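Read the structure below first, then the notes.
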Amino acid sequence: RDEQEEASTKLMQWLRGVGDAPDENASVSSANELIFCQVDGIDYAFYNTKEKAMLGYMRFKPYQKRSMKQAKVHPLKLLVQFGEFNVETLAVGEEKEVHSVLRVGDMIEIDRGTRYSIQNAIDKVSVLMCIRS
Amino acid sequence: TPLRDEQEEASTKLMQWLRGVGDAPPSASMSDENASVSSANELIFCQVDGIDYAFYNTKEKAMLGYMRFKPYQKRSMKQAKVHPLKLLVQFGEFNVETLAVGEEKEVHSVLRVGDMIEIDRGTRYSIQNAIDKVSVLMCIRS
């Protein structure tokens, strides 16, 4: 690997929990700034943004479930950073859930009011990017 | 280079496709029949002013995507006239110049992979690939 492939591998291994972590501009949030904390069993790390917690990562242990939540004050996008996820959604007005399988690079848009739950689909650590608008 | 598992192979295929060095597209899924899903398999790059862009076919259509930069390529100055954005480096290295409303000084920032910069509404910003390889950034607008 060259230097940039090396850097991308180090970043991914940090997000996966298997590596060590990798200017005074307030607008910049460096990957070195991402500190994971566990909430309800799931590991979260968010960039420093003007409005807190608008862009971050969720790290899931093998086959780990995140119980149903509801998108509220911002529309939500979930984008697979590594691994594979099952996502179950129930939009307002509908009675039948939708099931989605997402591999790396795939995303799903969760509208306001939609109820959604997430499960790591594989027997390895998976990582989801969470984008609030 | 440790022998990749299946998920590492998928991640590498995706990144090679974003870099334009790989002709195999990211893998598809039957979930791409779902209205709310935008799969990486659906992405297609279009060139504007020499820069390759590909956006997820989300409902608002121009809010989450990728910019692919040729070696040392520059994207000329733009004003974030309507939507603020976040630039998040997916591969490579970028130099970003910003001039924010109410300020006099242009500010220079260097971003490596996983680094992000927030571009406020009204800020004038330019981007140059800092290295002699294709670099890729994710563009997130709000």
Side-chain angles (χ1 to χ4, degrees), chain A residues 4 8 27 47 54-55 75 77-81 102-109 129 131 133, chain B residues 11-28 32 36-99 109-142:
Chain A
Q4 279 77 27
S8 153
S27 309
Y47 291 100
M54 297 292 280
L55 180 64
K77 291 173 179 75
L78 306 168
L79 183 148
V80 181
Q81 177 74 232
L102 310 182
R103 312 194 231 264
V104 60
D106 301 340
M107 62 152 297
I108 187 170
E109 285 171 270
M129 182 186 289
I131 307 164
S133 286
Chain B
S11 173
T12 283
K13 180 164 72 164
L14 167 68
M15 192 53 59
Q16 289 232 302
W17 191 79
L18 293 170
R19 289 163 78 187
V21 313
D23 64 290
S27 44
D32 64 23
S36 285
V37 166
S38 300
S39 69
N41 174 272
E42 195 189 0
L43 295 168
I44 292 296
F45 280 95
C46 69
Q47 208 184 232
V48 175
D49 277 336
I51 295 145
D52 283 336
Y53 299 90
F55 281 83
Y56 292 98
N57 195 21
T58 59
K59 293 203 22 143
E60 206 167 10
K61 302 274 139 21
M63 299 297 286
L64 182 68
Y66 300 97
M67 305 186 198
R68 178 203 279 153
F69 283 69
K70 299 296 183 181
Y72 296 127
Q73 189 172 27
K74 305 176 168 176
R75 184 178 187 251
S76 63
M77 187 266 279
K78 312 287 185 181
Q79 184 162 39
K81 188 178 151 184
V82 176
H83 293 285
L85 56 79
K86 301 184 185 64
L87 304 174
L88 175 61
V89 176
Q90 299 290 298
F91 186 89
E93 193 181 339
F94 287 97
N95 293 333
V96 179
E97 322 295 314
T98 53
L99 174 62
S109 318
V110 182
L111 308 173
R112 288 161 242 287
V113 69
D115 296 348
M116 185 264 293
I117 190 170
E118 203 166 9
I119 311 283
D120 304 301
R121 186 166 189 177
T123 287
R124 291 187 190 279
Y125 68 105
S126 72
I127 309 168
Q128 183 160 24
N129 190 352
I131 53 172
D132 187 18
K133 306 161 29 91
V134 169
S135 300
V136 179
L137 66 77
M138 181 186 287
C139 175
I140 306 170
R141 308 213 292 167
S142 45

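Order of the sequence lines sets the chain letters (A, B, ...), proteins ahead of strands, with each chain counted from 1. Any value given below was found using the heavy atoms of this structure, including those in side chains, with hydrogens, waters and symmetry copies removed.
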* Asked: Within 45° of the ring axis of B:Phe45 and under 6.0 Å from its six-membered ring centre, is that where the NZ or CZ of B:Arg68 lies?
  -> yes

* **pair B:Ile140-A:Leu55: side-chain heavy atoms closer than 4.5 Å** => yes

* To do: Any chance you could measure B:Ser109, atom OG, to B:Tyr125, atom OH, to the nearest 0.5 Å?
  => 14.0 Å

* To do: With rounding to the nearest 0.5 Å, note down the distance linking CD1 in B:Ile119 to CD in B:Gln79.
  => 12.0 Å

* Asked: With sequence neighbours excluded, what pairs up with B:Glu97 under the side-chain contact (heavy atoms from CB on, under 4.5 Å) test?
  -> B:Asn95, B:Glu106, B:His108, B:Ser126

* **Side-chain donor/acceptor of B:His83 to backbone N/O of B:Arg141, under 3.5 Å** => no

* To do: Show the numbers, then the answer: is there a side-chain contact (heavy atoms from CB on, under 4.5 Å) between B:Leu99 and B:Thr123?
  => CA-CA 6 Å; B:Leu99 174 62; B:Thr123 287; 5.8 Å; no

* Asked: Residues two or more places apart in sequence or in another chain: which of them pass side-chain contact (heavy atoms from CB on, under 4.5 Å) with B:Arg112?
  -> B:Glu93, B:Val110, B:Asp115

* More than 12 heavy atoms of other groups within 6.0 Å of B:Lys61 NZ -> yes

* Asked: B:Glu118 side chain to B:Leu85 main-chain N or O, any donor-acceptor pair under 3.5 Å?
  -> no

* With side-chain contact (heavy atoms from CB on, under 4.5 Å) as the test, would you mind laying out the steps for A:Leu102 and A:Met107 before giving the verdict? => CA-CA 7 Å; A:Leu102 310 182; A:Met107 62 152 297; over 6 Å; no

* **Residues that B:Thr12 engages under side chain to side chain donor-acceptor pair (under 3.5 Å), provided they are two or more places apart** => B:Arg4

* Can you check whether A:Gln4 reaches B:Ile131 side chain to side chain, under 4.5 Å on heavy atoms? -> yes

* Considering all heavy atoms of both residues, which atom of B:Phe94 and which atom of B:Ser135 are nearest to each other, and what is their separation? -> CZ-CB, 3.4 Å

* **Heavy-atom side-chain proximity of A:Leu79 to B:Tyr56 below 4.5 angstrom** => yes

* **B:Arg121 (side chain) donor-acceptor with B:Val82 (main chain) under 3.5 angstrom** => yes

* **Distance, nearest 0.5 Å, that separates NZ of B:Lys70 from CG of B:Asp52** => 6.0 Å

* Structure fact -> Nearest heavy-atom approach of B:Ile117 to B:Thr98 is CD1-CG2, 4.2 Å

* Structure fact -> Residue set satisfying ring-ring contact (aromatic ring centres under 6.0 Å, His included) with B:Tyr53, at least two apart, ordered chain then number -> none

* Structure fact -> side-chain contact (heavy atoms from CB on, under 4.5 Å) test vs B:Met67 passes for just one of B:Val48, B:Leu87, B:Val136, namely B:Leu87

* To do: Please confirm whether the backbone N or O of B:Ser11 pairs with a side-chain atom of B:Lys13, one donor and one acceptor, at under 3.5 Å?
  => no

* To do: Check whether any side-chain heavy atom of B:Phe69 sits under 4.5 Å from a side-chain heavy atom of B:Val134, and report yes or no.
  => no

* To do: Provide the full list of side-chain hydrogen bond (donor to acceptor under 3.5 Å, both in side chains) pairs with a residue in residues 36-45 of chain B, sequence neighbours left out, each pair given once.
  => B:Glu42-B:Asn57

Acceptor/donor pairs from residues 14-26 of chain B side chains to any protein atom, 3.5 angstrom cut, sequence neighbours excluded:
{"unit_1": "B:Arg19", "atom_1": "NH1", "unit_2": "A:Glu5", "atom_2": "OE2", "d": "3.3"}

* To do: Measure from the side-chain N and O atoms of B:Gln90 to the backbone N and O of B:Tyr66, and report whether any donor-acceptor pair falls under 3.5 Å.
  => no

* Does the side chain of B:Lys78 reach to within under 4.5 Å of the side chain of B:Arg124, using non-hydrogen atoms? -> no

